[PDB]
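**Q** To start, I am sharing the structure in question, which I have written as structure tokens.
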Amino acid sequence: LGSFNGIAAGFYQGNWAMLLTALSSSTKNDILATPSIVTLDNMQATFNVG
Amino acid sequence: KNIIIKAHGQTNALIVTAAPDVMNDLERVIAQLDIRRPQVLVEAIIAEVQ
């Protein structure tokens with residue numbers, strides 16, 4: 001129960017029972033990276049972040 | 001004696017201090033050796049079901 005998510009509905013009429021179970025889950029993720037630099041032609045430049 | 005070719009790399013230009021009479025055999029060949037090059041776009045696709 002500590003981990004459950006969603007809904008479920010308790011019902012009891014004499015001998016029977018039933019449990020409905022459902023959930024909806026979604027997740028969205030975005031990123032963007034724009035680096036820029038200058039150097040001369042023949043010599044290499046390098047760049048890093050993180 | 002010989003043909004000594006030297007390349008600069010820092011202006012990206014090369015020299016020819018070799019025969020002063022048949023250099024034409026070099027101008028023609030470098031002229032046939034400096035040419036824009038086309039490039040190709042490759043994409044592959046895969047898909048399966050289990």
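Each chain in the structure tokens gets a letter, A, B and so on, in the order shown; residues start at 1 in every chain, and ligands are counted from 1 in the order they appear.
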Can you build me a table of chain A residues sitting at most 9 Å from chain B, with the closest atom pair per residue and its distance in Å to one decimal, using only C-alpha atoms, sorted by chain and residue number, as CSV?

**A**
residue,atom,partner,partner_atom,distance
A:41,CA,B:10,CA,8.5
A:42,CA,B:10,CA,6.2
A:43,CA,B:10,CA,8.3

**Q** Assign secondary structure with DSSP using the backbone only, and return the residues of chain B in alpha helix (DSSP H) as a list in words.

**A**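 The alpha helix (DSSP H) residues within chain B come out as residues 24, 25, 26, 27, 28, 29, 30 and 31 of chain B.
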
**Q** Could you dump the residues just selected with N, CA, C and O atoms as a PDB file, in the first residue's frame?

**A**
ATOM      1  N   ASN B  24      54.898  23.291 -64.823  1.00  0.00           N
ATOM      2  CA  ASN B  24      53.607  23.157 -65.470  1.00  0.00           C
ATOM      3  C   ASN B  24      53.007  21.785 -65.265  1.00  0.00           C
ATOM      4  O   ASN B  24      51.779  21.661 -65.145  1.00  0.00           O
ATOM      5  N   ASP B  25      53.856  20.769 -65.133  1.00  0.00           N
ATOM      6  CA  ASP B  25      53.401  19.435 -64.790  1.00  0.00           C
ATOM      7  C   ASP B  25      52.887  19.339 -63.363  1.00  0.00           C
ATOM      8  O   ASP B  25      52.326  18.305 -62.977  1.00  0.00           O
ATOM      9  N   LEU B  26      53.074  20.390 -62.581  1.00  0.00           N
ATOM     10  CA  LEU B  26      52.536  20.449 -61.241  1.00  0.00           C
ATOM     11  C   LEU B  26      51.310  21.323 -61.190  1.00  0.00           C
ATOM     12  O   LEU B  26      50.319  20.948 -60.568  1.00  0.00           O
ATOM     13  N   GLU B  27      51.357  22.494 -61.830  1.00  0.00           N
ATOM     14  CA  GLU B  27      50.119  23.257 -61.915  1.00  0.00           C
ATOM     15  C   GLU B  27      48.969  22.444 -62.490  1.00  0.00           C
ATOM     16  O   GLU B  27      47.839  22.507 -61.984  1.00  0.00           O
ATOM     17  N   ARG B  28      49.222  21.642 -63.532  1.00  0.00           N
ATOM     18  CA  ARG B  28      48.113  20.861 -64.060  1.00  0.00           C
ATOM     19  C   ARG B  28      47.628  19.845 -63.037  1.00  0.00           C
ATOM     20  O   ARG B  28      46.417  19.635 -62.869  1.00  0.00           O
ATOM     21  N   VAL B  29      48.558  19.212 -62.326  1.00  0.00           N
ATOM     22  CA  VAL B  29      48.078  18.132 -61.475  1.00  0.00           C
ATOM     23  C   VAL B  29      47.390  18.693 -60.239  1.00  0.00           C
ATOM     24  O   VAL B  29      46.349  18.219 -59.854  1.00  0.00           O
ATOM     25  N   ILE B  30      47.924  19.744 -59.624  1.00  0.00           N
ATOM     26  CA  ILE B  30      47.207  20.307 -58.498  1.00  0.00           C
ATOM     27  C   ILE B  30      45.863  20.863 -58.936  1.00  0.00           C
ATOM     28  O   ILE B  30      44.856  20.664 -58.256  1.00  0.00           O
ATOM     29  N   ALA B  31      45.796  21.476 -60.119  1.00  0.00           N
ATOM     30  CA  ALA B  31      44.513  21.943 -60.630  1.00  0.00           C
ATOM     31  C   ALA B  31      43.527  20.791 -60.801  1.00  0.00           C
ATOM     32  O   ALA B  31      42.325  20.934 -60.548  1.00  0.00           O
TER      33      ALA B  31
END

**Q** May I have the residues within 7 Å of stretch 14-18 of chain B as a PyMOL selection string, using only C-alpha atoms and disregarding those fewer than 4 positions away in the same chain?

**A** chain B and resi 2-8

**Q** Residues of the last selection are to be written out with N, CA and C atoms, as a PDB file, in the first residue's frame.

**A**
ATOM      1  N   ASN B   2      66.244  17.072 -57.395  1.00  0.00           N
ATOM      2  CA  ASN B   2      65.025  16.494 -56.865  1.00  0.00           C
ATOM      3  C   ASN B   2      64.021  17.628 -56.764  1.00  0.00           C
ATOM      4  N   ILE B   3      62.816  17.270 -56.371  1.00  0.00           N
ATOM      5  CA  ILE B   3      61.760  18.238 -56.139  1.00  0.00           C
ATOM      6  C   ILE B   3      61.452  18.209 -54.647  1.00  0.00           C
ATOM      7  N   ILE B   4      61.654  19.333 -53.985  1.00  0.00           N
ATOM      8  CA  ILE B   4      61.413  19.443 -52.562  1.00  0.00           C
ATOM      9  C   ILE B   4      60.118  20.198 -52.384  1.00  0.00           C
ATOM     10  N   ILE B   5      59.073  19.507 -51.963  1.00  0.00           N
ATOM     11  CA  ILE B   5      57.821  20.177 -51.676  1.00  0.00           C
ATOM     12  C   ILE B   5      57.716  20.413 -50.190  1.00  0.00           C
ATOM     13  N   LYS B   6      57.370  21.636 -49.830  1.00  0.00           N
ATOM     14  CA  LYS B   6      57.146  22.030 -48.453  1.00  0.00           C
ATOM     15  C   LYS B   6      55.722  22.566 -48.321  1.00  0.00           C
ATOM     16  N   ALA B   7      55.073  22.251 -47.213  1.00  0.00           N
ATOM     17  CA  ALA B   7      53.719  22.716 -46.948  1.00  0.00           C
ATOM     18  C   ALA B   7      53.696  23.562 -45.687  1.00  0.00           C
ATOM     19  N   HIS B   8      52.895  24.628 -45.695  1.00  0.00           N
ATOM     20  CA  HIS B   8      52.997  25.534 -44.559  1.00  0.00           C
ATOM     21  C   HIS B   8      52.127  25.060 -43.397  1.00  0.00           C
TER      22      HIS B   8
END

**Q** Using DSSP on the backbone coordinates, identify all residues within chain A classified as strand (DSSP E or B); present the result as a PyMOL selection string.

**A** chain A and resi 7+12-13+16-17+22

**Q** Write to file, as an mmCIF file, in the first residue's frame, the residues of the selection just made, with N, CA, C and O atoms.

**A**
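File produced: result32.cif:
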data_model
loop_
_atom_site.group_PDB
_atom_site.id
_atom_site.type_symbol
_atom_site.label_atom_id
_atom_site.label_comp_id
_atom_site.auth_asym_id
_atom_site.auth_seq_id
_atom_site.Cartn_x
_atom_site.Cartn_y
_atom_site.Cartn_z
ATOM 1 N N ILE A 7 -6.771 4.778 -7.977
ATOM 2 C CA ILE A 7 -8.009 4.679 -7.227
ATOM 3 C C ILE A 7 -8.466 3.231 -7.222
ATOM 4 O O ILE A 7 -8.153 2.456 -8.125
ATOM 5 N N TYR A 12 -19.246 -4.022 -0.903
ATOM 6 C CA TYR A 12 -19.583 -5.282 -0.250
ATOM 7 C C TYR A 12 -21.096 -5.420 -0.161
ATOM 8 O O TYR A 12 -21.763 -4.565 0.417
ATOM 9 N N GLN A 13 -21.637 -6.505 -0.717
ATOM 10 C CA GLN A 13 -23.065 -6.829 -0.579
ATOM 11 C C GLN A 13 -23.166 -8.334 -0.339
ATOM 12 O O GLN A 13 -23.261 -9.126 -1.270
ATOM 13 N N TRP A 16 -20.171 -11.229 -2.006
ATOM 14 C CA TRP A 16 -19.277 -10.880 -3.096
ATOM 15 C C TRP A 16 -18.453 -9.649 -2.724
ATOM 16 O O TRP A 16 -18.591 -9.070 -1.648
ATOM 17 N N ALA A 17 -17.601 -9.248 -3.665
ATOM 18 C CA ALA A 17 -16.776 -8.047 -3.574
ATOM 19 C C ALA A 17 -16.191 -7.783 -4.955
ATOM 20 O O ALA A 17 -16.198 -8.657 -5.828
ATOM 21 N N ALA A 22 -7.320 1.525 -11.795
ATOM 22 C CA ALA A 22 -6.883 2.225 -12.988
ATOM 23 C C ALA A 22 -6.003 3.374 -12.560
ATOM 24 O O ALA A 22 -5.936 3.728 -11.385
#

**Q** Show me, as a list in words, the residues that have an atom within 8 Å of residue A:19 when counting only C-alpha atoms, minus same-chain residues fewer than 4 positions from it.

**A** residues 8, 9, 10 and 11 of chain A

**Q** The selected residues should be written to file as a PDB file, in the first residue's frame (atoms: C-alpha atoms).

**A**
ATOM      1  CA  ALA A   8      -9.933   1.620  -6.133  1.00  0.00           C
ATOM      2  CA  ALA A   9     -13.500   1.526  -4.836  1.00  0.00           C
ATOM      3  CA  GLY A  10     -14.625  -0.722  -1.990  1.00  0.00           C
ATOM      4  CA  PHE A  11     -17.941  -2.519  -2.266  1.00  0.00           C
TER       5      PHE A  11
END

**Q** Skipping near chain neighbours, those fewer than 2 positions away, what residues fall within 10 Å of residue A:35 using only C-alpha atoms, listed as a short mmCIF file (atom, residue, chain, number, x, y, z; two decimals) with N, CA, C and O atoms, in the first residue's frame?

**A**
data_model
loop_
_atom_site.label_atom_id
_atom_site.label_comp_id
_atom_site.auth_asym_id
_atom_site.auth_seq_id
_atom_site.Cartn_x
_atom_site.Cartn_y
_atom_site.Cartn_z
N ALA A 33 20.60 23.20 -26.12
CA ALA A 33 22.02 23.49 -25.90
C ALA A 33 22.57 24.30 -27.05
O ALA A 33 22.64 23.82 -28.19
N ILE A 37 31.61 29.81 -30.26
CA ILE A 37 33.03 30.03 -30.04
C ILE A 37 33.71 30.67 -31.25
O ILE A 37 33.15 30.66 -32.36
N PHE A 47 35.90 23.10 -26.10
CA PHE A 47 35.00 23.77 -25.19
C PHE A 47 34.17 22.75 -24.45
O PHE A 47 33.76 21.76 -25.05
N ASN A 48 33.90 23.00 -23.18
CA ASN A 48 33.06 22.05 -22.46
C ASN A 48 32.54 22.65 -21.18
O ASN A 48 33.14 23.55 -20.60
N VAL A 49 31.38 22.17 -20.76
CA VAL A 49 30.71 22.61 -19.56
C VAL A 49 30.25 21.35 -18.85
O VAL A 49 30.00 20.32 -19.49
#

**Q** Could you give me, as a list in words, the residues within 12 Å of residue A:23, counting only C-alpha atoms and dropping anything in the same chain fewer than 3 positions from it?

**A**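 Everything that qualifies: residues 4, 5, 6, 7, 8, 20 and 26 of chain A.
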
**Q** Kindly export the residues of the current selection with N, CA and C atoms, as a CSV table (one decimal), in the first residue's frame.

**A**
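Saved result, out-v1.csv, follows:
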chain,number,residue,atom,x,y,z
A,4,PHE,N,1.3,2.1,-3.7
A,4,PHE,CA,0.2,2.1,-4.7
A,4,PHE,C,-0.1,3.5,-5.2
A,5,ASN,N,-0.6,3.6,-6.4
A,5,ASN,CA,-1.1,4.9,-6.9
A,5,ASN,C,-2.3,4.6,-7.7
A,6,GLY,N,-3.3,5.6,-7.7
A,6,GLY,CA,-4.5,5.5,-8.4
A,6,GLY,C,-5.7,5.4,-7.5
A,7,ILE,N,-6.8,4.8,-8.0
A,7,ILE,CA,-8.0,4.7,-7.2
A,7,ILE,C,-8.5,3.2,-7.2
A,8,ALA,N,-9.2,2.9,-6.2
A,8,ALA,CA,-9.9,1.6,-6.1
A,8,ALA,C,-11.1,1.8,-5.2
A,20,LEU,N,-12.2,-2.1,-8.5
A,20,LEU,CA,-11.8,-1.4,-9.8
A,20,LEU,C,-10.4,-0.8,-9.6
A,26,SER,N,1.9,10.2,-17.2
A,26,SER,CA,2.6,10.7,-18.3
A,26,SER,C,3.8,11.5,-17.8

**Q** Quick one: distance from atom CA of residue A:40 to atom CA of residue B:34 in Å, one decimal?

**A**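 Interatomic distance, atom CA of residue A:40 to atom CA of residue B:34: 22.3 Å.
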